[PDB]
């Protein structure tokens, strides 16, 4: 199970936060500033995994944007790395040649995709094609309301 997933910039700016468990807003913020401090403080060629606060933390930096998952001790780091990569592949296909700025201006869409790829702390669909199609159709249904 993934406790939470964060996307934050190199300069410590939050781009996305998905909490797969119940926590007070205040505590969520404390966690975010703390974890972000710790991860960002690390030198570029450090290990993509670290032990933070009785949990395991996986992080990968794509361009300027940091993807950071908090996994439970019984979970596989390398596979979570793989799920993160899948997520950025989903984003890449959706926005097309995805950059941080797209996530900045379309954070709602990013949440959408993330929710069509994960749930409760686990993957729900291990196909890129399935997820992307789902989001596509949902966007069509949404565009229907306008027109």
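Residue numbers count along the first chain shown, from 1.
Looking at 112-120 and 99-107 together, the entry lists the larger mean B-factor for 112-120, computed on C-alpha atoms. Among the modelled residues of its chain, residue 58 has a C-alpha B-factor that falls in the middle third according to the deposited record. Annotation for residue 87: C-alpha temperature factor in the middle third relative to the rest of the modelled chain, per the entry. The entry lists a Cα temperature factor for residue 36 that places it in the lowest third of the chain's modelled residues. In this PDB entry, the Cα temperature factor of residue 22 sits in the top third of its chain's modelled residues, the highest group. Residue 67: CA B factor in the lowest third of modelled residues in this chain (values from the PDB entry).
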